[PDB]
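> please find the sequence and an experimentally derived structure below.
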Amino acid sequence: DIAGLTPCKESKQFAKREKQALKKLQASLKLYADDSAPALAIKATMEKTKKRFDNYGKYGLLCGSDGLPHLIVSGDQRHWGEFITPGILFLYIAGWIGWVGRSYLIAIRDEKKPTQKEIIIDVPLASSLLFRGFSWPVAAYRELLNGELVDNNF
Amino acid sequence: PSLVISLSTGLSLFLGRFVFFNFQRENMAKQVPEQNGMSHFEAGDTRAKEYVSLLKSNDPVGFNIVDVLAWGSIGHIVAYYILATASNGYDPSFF
Amino acid sequence: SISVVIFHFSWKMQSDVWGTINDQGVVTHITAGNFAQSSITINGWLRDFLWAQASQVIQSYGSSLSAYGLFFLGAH
Amino acid sequence: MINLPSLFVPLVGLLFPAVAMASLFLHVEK
Amino acid sequence: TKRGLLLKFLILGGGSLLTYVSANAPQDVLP
Amino acid sequence: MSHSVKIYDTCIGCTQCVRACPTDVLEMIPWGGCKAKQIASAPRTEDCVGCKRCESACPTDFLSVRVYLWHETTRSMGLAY
Amino acid sequence: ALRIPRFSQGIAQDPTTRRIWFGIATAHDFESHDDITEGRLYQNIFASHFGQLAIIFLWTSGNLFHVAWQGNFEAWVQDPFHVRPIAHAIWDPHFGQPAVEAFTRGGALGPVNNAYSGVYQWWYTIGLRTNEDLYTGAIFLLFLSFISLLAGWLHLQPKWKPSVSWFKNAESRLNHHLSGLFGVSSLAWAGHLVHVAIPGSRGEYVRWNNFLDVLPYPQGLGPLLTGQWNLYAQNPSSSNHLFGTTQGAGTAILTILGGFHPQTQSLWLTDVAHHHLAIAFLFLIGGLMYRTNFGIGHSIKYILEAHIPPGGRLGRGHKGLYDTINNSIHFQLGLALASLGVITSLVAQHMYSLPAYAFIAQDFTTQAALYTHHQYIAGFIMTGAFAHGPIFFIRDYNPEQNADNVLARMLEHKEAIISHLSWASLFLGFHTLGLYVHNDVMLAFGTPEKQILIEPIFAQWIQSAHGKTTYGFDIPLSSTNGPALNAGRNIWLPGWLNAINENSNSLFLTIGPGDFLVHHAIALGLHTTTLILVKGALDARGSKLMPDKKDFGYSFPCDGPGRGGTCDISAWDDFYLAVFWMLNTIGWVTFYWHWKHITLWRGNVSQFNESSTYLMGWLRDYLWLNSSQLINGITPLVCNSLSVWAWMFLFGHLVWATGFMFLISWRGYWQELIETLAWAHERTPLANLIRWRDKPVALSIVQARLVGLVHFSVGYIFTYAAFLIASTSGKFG
Ligand code: CLA
Ligand code: CLA
Ligand code: CLA
Ligand code: CLA
Ligand code: CLA
Ligand SMILES: CC(=CC=C/C(C)=C/C=C/C=C(C)/C=C/C=C(C)/C=C/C1=C(C)CCCC1(C)C)/C=C/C1=C(C)CCCC1(C)C
Ligand SMILES: CC1=C(C/C=C(\C)CCC[C@H](C)CCC[C@@H](C)CCCC(C)C)C(=O)c2ccccc2C1=O
Ligand SMILES: OC[C@H]1O[C@](CO)(O[C@H]2O[C@H](CO)[C@@H](O)[C@H](O)[C@H]2O)[C@@H](O)[C@@H]1O
Ligand code: SF4
Ligand code: SF4
Ligand code: SF4
């Protein structure tokens, strides 16, 4: 739709890629497996990149010249989850990497001599402060900016 | 289409706000204060500035625009001449 | 010390030696001795070497070995 | 005479150098 | 061996005649 | 400056603290009260080269010296020869 | 053991060789070395760079003087078809008889090397033509470039004042300059192009005789003073032109009309002059903005002072930024550097897509070894800019005299500043590098698909709101019409800024996923380059590891081992360290143009398209494709076309490599075997008594960080020098 061309529903250049290129894959008139039970170009590796026919799903997917598919993601016509869908995902996953970074850390500096407890690991991954992340509804999105890490501590 | 002389009218609106004070009090340059030779020393440095002196002719020579800018622009510059034209002179209305 | 001694052997061993027989065993080196007058120039060493051979490294994509060209960028 | 404009590469790229490599051995001494 | 002020003399002289005629030539035999 | 790197500190005590450094530092010059009472930063420095072995040990709590001398004899670098 | 070098003193009787090197590189450090006073210094930089301007005219003179008797001109002004102009006559006794082989280039006799500088399309492009009519150049410029020295002396001589305090005004000067200078410097140019040059261009000649008798028109400056200007711009030029010979000429200076032409690209005759004119009011209107005695205008404090926009009620001062940029002279030479630095590229990135010369791109070589000597430099500046604004902080600067004050706070709130800088890089790092290996793991692997490749949306975007009338597309309020401008149309954006796609020379080249990377990797350059310069600077003062890092700030390179282990932690050695990324940006960027251009000439563009979206390929086709021509040019089969170049190109690879010593060597190892190697002579006959006068040593512990560099650099910069040329020349493109 946008700058490159249209998706899969038609994309000539893209088609030619399917075809030569892979299929030459072929390329081996035979090469012996008439019945034989190993050499697997034969089945999929092609067909797994191939039966990926005039279907790939359908994904929209813009495809420029040479018909390799370009990613817009401007949240329109079709292309939204080529960044946000896998974007918030990157956010949510990290941040629950370091929410617990700022956790199997802010749980130590106390009691008795706490000077490298960390070259070994107290609860592995933290396996205690663990889920604190999925057990973030809202969380740092409020309690980070109000209290605890409070400007005070700023 | 363009008022071209819309704005050259306009700019010596302001630098006649220039024709100012070569005339009126005392000498040039509020006499060289400080120019050559060189300030006290001064020194940080330095002065002066004064939010308080944007008057004096605000009112009077805000006319200067309408001078040339009227009758001497779009209305054919000094028609009232003659005053020695024979090695030539004129001068002659391109307008 | 080693990195240029290597550079030596294969440019010889292929410029001459490695090559090939057929009728009348008319010998046909991987390279008709290009060495001749032309390693003596130390550019010939990337005219005849580095830019000559290596054209197999930078052609090597989409293949089987490919892991070389595909290393040759990392590690390079 | 025919074909002879070759002095402004030695007087420069050659002799001018002589001067200063000599001369400027004033840095050592004079 | 009259060296009593010289060398400046032999570095215009000698070296304007290892280079004056030394570069010039009446009919190339070119570069 | 011509040998001017400051290793000073505040204790200038020199026991299990610092000694190392070819000639340069004949101190112990007790100033009228600084704990193990021996003080300052050097003696007559126009003698030896440019270490920072000078701290490496016994505090300078700030910097530590190094080369800064520029004006630099030879005796002040091994090699005048 | 004598006394010598006439300015320093510690240096002066140092018995080694340092004596020498360090002599020849303290010379220009006036502020503080024996001979100096704030009175001396200033003037001692003043009649210095009056020794400047001076050397710039013995350059330009000769530029116009190896041209006028040979080095085609009453040729190349017969019609400049892309075949090998000329600089000067190459003459080396080492040359073989293949003096005869190209190298020896067509028209002229003995061998030669042709203008890749532009000069040849601007000594021409402002008219300046006929080979009897031409042979001035030095003659003037030089009967100039000597005057350039005369003040030098005159203003060096006490008496007729060399001026001392008078060097810290501003207001007066720069109240003078950005009128007197620039404004009239423009204007006066506006003058020249127009009386003598525009006529020389579209129209005909101007004869050295008449200057009154010549009159762009019949009835003179006509109205003009008669506010009536407009009717310049009507039938000005045409297009069925034949450039330089009238006929479809017409004669009405000024325009914005007509535009491009297969016969010359280049900005129109006139426009570069109403402009030169047009700006020449604003600066003259600008000049006259500050004091200068008479008693109008402004004091350059009192509009800083408590000026301040977001200050006011946000507890953040502004005290005498004047007596610190003024009392600094380094702040000075580095607000100087940059501006120049930022604009040296604005020059040289605008100088393409908008070259203003009679045959240039559609030359496509001179056009590509000229964007870059203006990209090198420019990068080369910037650094020095950033490097004299980490000297201000040490020799000058004054915490008690600047504080609460917004130059401070900048210091004070500094740890963040490098971090929220470093956070840019590290992000801009691995995220460019995912996209480019991934893009290279996927090819090789057989799958050209799967390739990650983002269109450069916010790029092309800027341009479908311009003229990139590429294959339609609305945009909500714009559509490609209904609303167009409404408020704009047939004035202004006529044929111009309407190049569109123009596969040849459209100005804007049509951007895709290949460009959404380099463009993020020129962005990872000036960022990284500057986290280090910002940092370099943001404490030449000191820090935790070295707290009191000062009284000398800049180049104190090294310190003792211990503390953590301390090293290249002088603000110079971060400058030192900086100059590698200014040599790596200013390469990604230049590298980029060309590949692009190359392909966008005697052939395709698909080429850069699916083959710059990855990495290997950047090496293969470009780098590896397109060197061809040069190297088989010493060829086992005789010296062909180019030989200077390829030998340069290996001269390129040596000077480089040989950086490294200096760089992985570090004075210790060198000095010591010179300790053994100066036991020779002393211990060997027919070479005894024989005294040195400078004591054999190994290079200073800052010096070689320089020299490897100042070595790393030429090699490097002398390799692309000979690389691009040696291949934009052949082509194919
Ligand atoms: C839990 C950890 C943690 C957290 C919350 C942070 C957070 C931060 N780091 Mg950082 N960092 C870390 C570990 C961490 N780091 C480690 C281990 C290193 C290697 C020395 C760094 C090296 C580093 C540098 C050089 C920089 C930062 C910067 C930053 C800041 C910018 C974020 C960024 O883009 O860098 C992305 C994050 C990294 C590059 C860190 C990689 C290490 C991660 C993967 C730690 C993962 C958890 C780890 C396994 C702990 C074990 C869990 C345990 C509970 C059992 C941010 C405050 C930047 C800054 O100062 O600006 C504000 C700066 O550029 N970091
Ligand atoms: C470090 C290096 C340096 C070098 C070696 C060069 C070399 C060159 N530059 Mg250059 N340049 C540089 C730095 C450098 N530049 C920087 C830092 C900038 C940014 C400011 C530029 C911006 C620049 C531009 C914009 C251009 C060049 C061009 C050129 C080329 C033209 C030759 C020339 O400059 O004659 C120089 C000529 C003179 C010094 C004399 C002319 C000066 C006039 C303006 C003086 C006016 C004074 C006048 C008498 C006052 C009149 C008063 C009264 C009569 C009314 C040459 C290749 C040109 C080009 O494109 O070539 C193709 C042009 O495009 N450069
Ligand atoms: C455009 C101008 C500008 C001006 C007016 C100045 C002025 C000054 N600079 Mg400076 N500088 C600049 C740009 C400028 N700089 C830029 C762009 C950089 C880096 C981009 C620097 C980096 C720099 C450093 C590191 C220092 C100065 C210093 C100085 C001061 C002493 C100059 C000196 O040491 O030279 C004397 C040098 C020589 C006599 C020659 C030796 C120089 C070597 C490195 C040659 C360089 C490469 C060369 C062209 C290659 C050989 C040619 C080859 C073809 C054979 C003086 C205040 C010094 C200073 O006072 O700071 C405290 C010093 O620290 N500058
Ligand atoms: C090609 C080069 C090489 C690489 C990869 C780097 C990388 C870096 N340099 Mg650097 N540098 C180099 C050569 C290199 N440099 C050279 C030759 C010089 C001059 C001699 C410098 C001078 C220099 C300076 C002055 C600075 C840097 C800085 C940096 C960092 C800037 C942040 C960034 O770009 O994103 C981050 C890094 C990358 C994109 C590189 C890849 C790093 C990750 C992805 C490693 C891969 C992990 C891998 C899977 C695991 C393998 C390890 C092992 C387990 C097998 C970065 C780490 C700056 C800095 O410190 O930033 C805070 C700044 O200090 N460099
Ligand atoms: C390309 C290289 C560059 C060059 C030219 C050299 C040269 C040398 N290195 Mg060396 N080195 C380098 C890069 C270089 N290195 C790098 C990058 C590193 C580490 C990264 C090192 C680490 C290193 C170590 C540890 C040692 C050396 C040593 C040496 C010396 C060995 C003896 C010798 O054969 O020198 C003389 C011969 C040459 C330099 C090659 C020929 C040069 C040609 C171009 C002839 C030019 C002469 C001619 C008259 C020019 C005058 C014309 C006029 C216009 C000026 C020699 C000076 C060692 C040493 O000193 O032992 C004796 C010592 O072991 N190097
Ligand atoms: C105007 C502009 C801009 C910009 C931007 C900018 C405006 C930028 C800037 C830059 C600058 C710089 C980049 C500088 C730097 C430098 C520095 C930062 C320095 C520092 C220092 C130091 C180091 C310390 C102290 C000293 C000193 C200061 C030197 C633009 C505009 C526009 C646009 C685009 C869009 C459209 C419209 C227009 C209108 C057309
Ligand atoms: C070789 C080497 C030396 C030894 C010093 C040497 C080899 C000096 C040798 C002199 C060379 C042969 C001079 C040739 C240079 C010419 C171009 C002439 C210079 C002219 C100047 C006035 C510009 C060091 O002292 C050193 C110190 C710190 C880090 C790295 C190194 C290092 O790599
Ligand atoms: O029911 C709570 C139980 O589930 C947890 C929560 O993190 O996580 C499981 O999920 C992972 C995902 O692979 C499994 O491998 C494994 O069962 C747990 O990690 C775990 O803490 C709690 O025990
Ligand atoms: S700090 Fe160092 S040498 Fe200084 S006083 Fe202590 S030990 Fe003495
Ligand atoms: S630190 Fe300095 S003074 Fe001390 S020993 Fe080392 S060189 Fe001598
Ligand atoms: S260089 Fe070596 S010696 Fe010098 S400071 Fe660094 S470490 Fe020390």
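Received the coordinates, thanks. Numbers count the residues shown, from 1 in each chain, chains lettered A, B, ... in the order given. Ligands and ions are numbered 1, 2, ... in the order given.

> OK, contacts around the residue nearest the centre of chain B?
The centre of chain B sits closest to residue B:16, judged by CA atoms, centre = their mean, with a distance of 1.9 Å. Residues in contact with residue B:16, defined by CB atoms under 8 Å, 6 or more residues apart in numbering or on different chains, are B:61, B:64, B:65, B:67, B:68. C-betas here are computed from N, CA, C, even on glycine.

> which of those fall in strands?
Using DSSP state E, no member of those sits in strands.

> rewinding a little: please report the distance of the residue nearest to the centre of chain B from residue A:82.
From residue B:16 across to residue A:82, the span is 64 Å (CB to CB, to the nearest Å).

> ok, now residue G:80?
50 Å.

> now name the helix or strand holding the residue in chain E that ligand 7 sits nearest to.
In chain E, no residue comes nearer to ligand 7 than residue E:11, which is 21.3 Å away by CB to the nearest ligand atom. When elements are assigned from DSSP states H and E, residue E:11 belongs to no helix and no strand.

> touching, it and residue D:16? I think so.
No: contact between residue E:11 and residue D:16 fails when scored by CB atoms under 8 Å: they sit 11.9 Å apart.

> all helices for the stretch 451-600 of chain G, in order.
G:457-461, G:515-521, G:528-538, G:572-578, G:585-592 (DSSP state H, counting those that start in this stretch).

> spatially, what comes nearest to whatever residue of chain E ends up closest to chain G if we skip its sequence neighbours?
Per CB to the nearest CB, residue E:31 is where chain E lies closest to chain G, at 3.9 Å. Sequence neighbours aside, residue G:95 is the residue nearest to residue E:31 in space, at 3.9 Å (criterion: CB to CB, 6 or more residues apart in numbering or on different chains).

> count of residues packed around the one you found?
15 (other CB atoms under 10 Å in any protein chain shown).

> wait, doesn't it sit right on residue G:89?
No: using CB under 8 Å, residue G:95 is not in contact with residue G:89, being 11.6 Å away.

> closest to ligand 4 out of the contacts of residue B:16?
residue B:65 (59.5 Å).

> leaving out the residues flanking it, which one is nearest to that closest one?
That would be residue B:13: by CB to CB, 6+ apart, it lies 4.2 Å from residue B:65.

> tell me which element the one you found falls in.
For residue B:13, the enclosing helix or strand under DSSP H and E is helix B:4-14.

> related to what we said a few turns ago, so which of the helices of the stretch 451-600 of chain G is nearest ligand 6?
Per CB to the nearest ligand atom, nearest to ligand 6 of the helices of the stretch 451-600 of chain G: helix G:528-538, 3.8 Å.

> circling back: which one, of the helices of the stretch 451-600 of chain G, ends up nearest to chain B?
helix G:528-538 (24.8 Å).

> wait, does the closest one contact ligand 4?
Yes: judged by CB under 6 Å from any ligand atom, helix G:528-538 comes into contact with ligand 4 at G:528, G:532.

> wait, does stretch G:341-352 contact ligand 3?
No: Stretch G:341-352 stays clear of ligand 3 (CB under 6 Å from any ligand atom), getting no nearer than 8.5 Å.

> ok, residues contacting that stretch?
G:361, G:367, G:370-372, G:374-375, G:377-378, G:381-382, G:385, G:593.

> follow-up on the earlier one: the residue nearest to residue E:31 in helix, strand or coil?
Three-state call for residue G:95 (DSSP: H, G, I helix; E, B strand; the rest coil): coil.

> gap between it and residue G:648?
Residue G:95 is 16 Å from residue G:648, by CB to CB.

> do the same with residue G:625
From residue G:625 over to residue G:648 (counting by CB to CB), the distance is 20 Å.

> so those two - more neighbours on which side?
Neighbour totals were compared for residue G:625 and residue G:648, and residue G:648 leads with 20 against 16 (other CB under 10 Å).

> for the more buried one, which non-adjacent residue is closest in space?
Among residues not flanking residue G:648 along the chain, residue G:722 sits closest, at 3.6 Å (CB to CB, 6+ apart).

> which ones are touching residue 22?
I went with chain A, as the question did not name one. By CB under 8 Å, 6+ apart, the contact list for residue A:22 reads A:46, A:49, A:50.

> um, chain G though
Applying CB under 8 Å, 6+ apart, the residues contacting residue G:22 are G:11, G:14, G:700, G:703.

> one more pass at 6 Å, please.
The contact partners of residue G:22, taken as CB atoms under 6 Å, 6 or more residues apart in numbering or on different chains, are residue G:11.

> rewinding a little: what does the helix holding residue B:13 contact?
Contacts for helix B:4-14 (CB under 6 Å, 6+ apart): B:65, B:69, B:73, G:227, G:229, G:230.

> same thing with stretch G:83-100?
For stretch G:83-100, the external contacting residues (CB under 6 Å, 6+ apart) are E:31, G:66, G:71-72, G:76, G:105, G:110-115, G:120, G:639.

> got a quick ChimeraX command for the buried subset of the residues you listed?
In ChimeraX, this line selects whichever of the contacts of stretch G:83-100 come out buried by 16 or more other CB atoms under 10 Å in any protein chain shown:
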select /E:31 /G:66,71,72,76,105,111,112,113,114,115,120,639
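
> and the gap between residue B:71 and residue F:17?
From residue B:71 to residue F:17 the distance is 96 Å (CB to CB).

> returning to what we had before: name the SS class of the residue nearest to the centre of chain B, please.
coil.

> from residue G:286, how far out is it?
19 Å.

> also residue G:603?
From residue G:603 across to residue G:286, the span is 48 Å (CB to CB).

> mind checking which of these two has more residues around it?
A count of neighbours by other CB under 10 Å puts residue G:286 above the other of residue G:603 and residue G:286, at 16 against 12.

> now chain E against ligand 9: closest residue?
For chain E, CB to the nearest ligand atom, closest residue to ligand 9: residue E:7, 57.7 Å.

> do chain C as well
residue C:1 (46.6 Å).

> what does chain D give?
Nearest residue of chain D to ligand 9: residue D:27, at 41.6 Å (CB to the nearest ligand atom).

> please name the nearest non-neighbouring residue to that residue.
With CB to CB, 6+ apart, the residue lying closest to residue D:27 is residue G:20, at 6.4 Å.

> so what's the residue count around that neighbour?
For residue G:20, using other CB under 10 Å, the count is 15.

> that one belongs to a helix, doesn't it?
Yes: assessed by three-state DSSP, residue G:20 belongs to a helix.

> and it, how far from residue B:95?
76 Å.

> and if you look at residue A:139?
79 Å.

> now residue D:16: which helix or strand?
helix D:16-23.

> in the stretch 551-700 of chain G, which residue sits nearest chain A?
Closest point on the stretch 551-700 of chain G to chain A, by CB to the nearest CB, is residue G:610, at 4.6 Å.

> name the nearest residue to that residue, ignoring sequence neighbours.
residue A:66 (4.6 Å).

> so that neighbour makes contact with residue G:611?
No: taking contacts as CB atoms under 6 Å, residue A:66 lies outside contact range of residue G:611: 9.5 Å.
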